[PDB]
Amino acid sequence: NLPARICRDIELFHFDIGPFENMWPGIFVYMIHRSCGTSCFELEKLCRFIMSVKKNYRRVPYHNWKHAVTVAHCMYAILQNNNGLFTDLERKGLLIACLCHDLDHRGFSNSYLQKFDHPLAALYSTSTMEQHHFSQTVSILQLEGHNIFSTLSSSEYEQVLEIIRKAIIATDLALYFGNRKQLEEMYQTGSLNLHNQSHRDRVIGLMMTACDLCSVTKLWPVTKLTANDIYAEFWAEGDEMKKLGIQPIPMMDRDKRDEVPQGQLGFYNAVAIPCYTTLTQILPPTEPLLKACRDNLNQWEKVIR
Ligand SMILES: c1ccc2nc(COc3ccc(-c4n[nH]cc4Cc4ccncc4)cc3)ccc2c1
Ligand SMILES: [Mg+2]
Ligand SMILES: [Zn+2]
């Protein structure tokens, strides 16, 4: 059972899930239990599913099992603080989508897989890794005793898999820019309609971005340490690009590491702040993410001064 400190701190948007890997499953079960019900999934089936998901994440610096549960936690905190908006089925789906959203990631971007001519990029031309993450999700569900959705009707089953599919695809950051532009225009014209399925999908997609980027909404020590793991992957990819004979973008070039703070400024300005600003306009109870994001922007500006 969860320690008292976790029971309290887990409700904070800026909760960090800690270094004890064996606690992460119970943290996820607790979150799912509170967001749906303890008669939401069969406990034994769910545990088996969780452990098989864990096993198909890799030991990479950032796109690992810890990131998966951290992203699920952000989604938990958004849903907990926006009660009455999402159906039981959406909440179930979104927490599972978050847990599964980087399955079998290698620590390389879609663009690297494309330049490499990796077989996955011939199979899935766009949002390559994200299509694979969803394929892995389904393959795990199809294992004997791993169908956590077995009590649902076939219709509800197809529905939840489509919720998961759209939510995982949406974590392809290339899609965020267009989605967020559409959502901002909808907000300002007063045309956003949460009862319209296409708008609803967009909002869920932004939520997925916000959860995926959530390292920038933690307290500064967490944010700064998490950035080390992110760059360990980016620089490894940059090395690989150099080995293909291709000059990497500065973000992936370890030789431009002194430009990290400027690079962070750029990301906060073009990606993170607009993401949480738009999210807060649609779901005002998510304001603490935006606030923590602004505080971290200020820290990066302080690093530069
Ligand atoms: C030279 C040197 C350093 C540079 N640094 C940047 C900053 O890039 C960032 C900043 C934050 C994040 C981030 N933090 N938490 C989640 C994410 C998003 C992310 C993570 C993993 N894979 C894909 C997306 C990603 C990239 C930009 C340009 C640069 C140029
Ligand atoms: Mg991903
Ligand atoms: Zn992710």
Side-chain angles (χ1 to χ4, degrees), residues 14 16 53 56-58 60-75 94 97-113 120 124 126-137 164-165 167-177 180 205 207-220 222-238 241 247-276 289 292-293 296-297 299-300 303-304:
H14 63 251
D16 172 273
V53 171
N56 288 278
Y57 276 88
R58 297 187 189 219
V60 299
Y62 178 67
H63 292 80
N64 56 38
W65 178 227
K66 191 173 195 189
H67 169 58
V69 172
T70 292
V71 178
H73 164 283
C74 193
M75 178 59 75
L94 288 182
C98 285
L99 197 79
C100 296
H101 82 276
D102 272 324
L103 266 164
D104 194 35
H105 199 278
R106 302 116 196 292
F108 300 113
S109 68
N110 295 326
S111 159
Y112 177 67
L113 266 68
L120 287 169
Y124 313 120
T126 65
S127 301
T128 296
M129 281 313 307
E130 294 78 18
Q131 298 207 61
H132 183 82
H133 303 308
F134 179 69
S135 174
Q136 292 281 112
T137 296
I164 291 164
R165 184 193 66 76
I168 294 178
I169 296 315
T171 67
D172 180 2
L173 195 66
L175 297 164
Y176 150 80
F177 296 94
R180 196 232 44 130
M207 289 162 58
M208 291 298 293
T209 303
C211 296
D212 210 358
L213 301 181
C214 76
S215 81
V216 306
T217 64
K218 306 298 181 187
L219 307 186
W220 170 240
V222 174
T223 298
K224 195 190 114 171
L225 291 157
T226 302
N228 295 336
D229 295 335
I230 296 171
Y231 284 116
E233 290 192 8
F234 289 164
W235 296 339
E237 176 169 332
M241 286 285 278
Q247 175 59 33
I249 65 175
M251 186 187 76
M252 306 201 123
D253 189 349
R254 64 181 65 260
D255 295 332
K256 304 295 185 79
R257 69 179 82 67
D258 290 351
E259 299 176 11
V260 160
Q262 282 74 28
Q264 295 281 326
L265 250 49
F267 182 80
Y268 280 73
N269 292 334
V271 188
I273 294 282
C275 174
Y276 298 107
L289 296 170
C293 190
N296 281 143
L297 173 50
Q299 290 293 291
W300 286 114
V303 170
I304 292 167

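Only this structure's heavy atoms are used, side chains among them; waters, hydrogens and symmetry mates stay out. Each ligand, and each atom within it, is numbered from 1 in the order the structure gives. FYI, the numbering just counts along the sequence from 1.
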Open item on the list: Please determine whether the number of non-hydrogen atoms from other residues, nucleotides or ligands lying under 6.0 Å from atom NZ of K66 exceeds 12.
Closed with: yes
TODO: Identify, by atom number and element, the atoms of ligand 1 in contact range of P250, meaning under 4.0 Å from any of its heavy atoms.
DONE: 1 (C), 2 (C), 30 (C)
Open item on the list: Could you identify the single nearest non-hydrogen protein atom to atom 18 (C) of ligand 1 and state the distance to 0.1 Å?
Closed with: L213 CD2, 3.4 Å
Task: Heteroatom distance test (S215, ligand 1): nitrogen or oxygen, under 3.5 angstrom - done: yes
- [ ] Nearest heavy atom to atom 4 (C) of ligand 1 wins, so pick from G263, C214, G266, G107.
- [x] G263
Open item on the list: Contact between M241 and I249 at the side-chain level, heavy atoms closer than 4.5 Å - yes or no?
Closed with: no
Task: Protein contact to atom 10 (C) of ligand 1 [nearest heavy atom, distance to 0.1 Å] - done: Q264 NE2, 3.3 Å
Task: Presence of N, O or S from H105 under 2.8 Å of the Zn ion (ligand 3) - done: no
TODO: For atom 14 (N) of ligand 1, grab the closest protein heavy atom and report residue, atom and distance to one decimal in Å.
DONE: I230 CD1, 3.2 Å
Task: Is_contact(atom 7 (C) of ligand 1), protein non-hydrogen, under 4.0 Å - done: yes
TODO: Find all atoms of ligand 1 within a distance of less than 4.0 Å from any non-hydrogen atom belonging to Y62, and give their numbers and elements.
DONE: 15 (N), 16 (C), 20 (C), 21 (C)
Open item on the list: Using 30° and 60° as the class boundaries, would you call the ring planes of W300 and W220 parallel, tilted or perpendicular?
Closed with: perpendicular
TODO: Identify which of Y231, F234, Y268 has a heavy atom lying nearest to atom 5 (N) of ligand 1.
DONE: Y231
Open item on the list: Once you measure the plane-to-plane angle for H105 and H63, does it fall in the parallel (<30°), tilted (30-60°) or perpendicular (>60°) bin?
Closed with: parallel
Task: Atom indices of ligand 1 within 4.0 angstrom of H63 heavy atoms, with elements - done: 21 (C), 22 (N)
Task: Side chain proximity check, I169 to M208, heavy atoms < 4.5 angstrom - done: no
Task: Enumerated ligand 1 atoms positioned under 4.0 Å from heavy atoms of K256 - done: 2 (C)
- [ ] Determine whether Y124 and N110 make a side-chain contact, defined as any pair of heavy atoms from C-beta on separated by less than 4.5 Å.
- [x] no
- [ ] Have a look at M251, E237, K218 and point out the one with the heavy atom closest to atom 29 (C) of ligand 1.
- [x] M251
Open item on the list: With heavy-atom distances below 4.5 Å as the criterion, would you say the side chains of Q136 and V53 are in contact?
Closed with: no
Open item on the list: Would you say that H101 contacts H67 through its side chain, given a criterion of any heavy-atom pair below 4.5 Å between the two side chains?
Closed with: yes
Task: Side chain proximity check, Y112 to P248, heavy atoms < 4.5 angstrom - done: no
Open item on the list: Within rounding of 10°, what is the angle whose vertex is the Zn ion (ligand 3) and whose arms end at NE2 of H67 and OD1 of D212?
Closed with: 90°
Open item on the list: Taking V69's backbone N and O only, do any of them form a donor-acceptor pair with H73's side chain (distance below 3.5 Å, no angle check)?
Closed with: no
- [ ] Of all N, O or S atoms in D102, identify the one at the shortest distance from the Zn ion (ligand 3).
- [x] OD2
TODO: Looking at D102, pick out the N, O or S atom nearest to the Mg ion (ligand 2) and give its name.
DONE: OD1
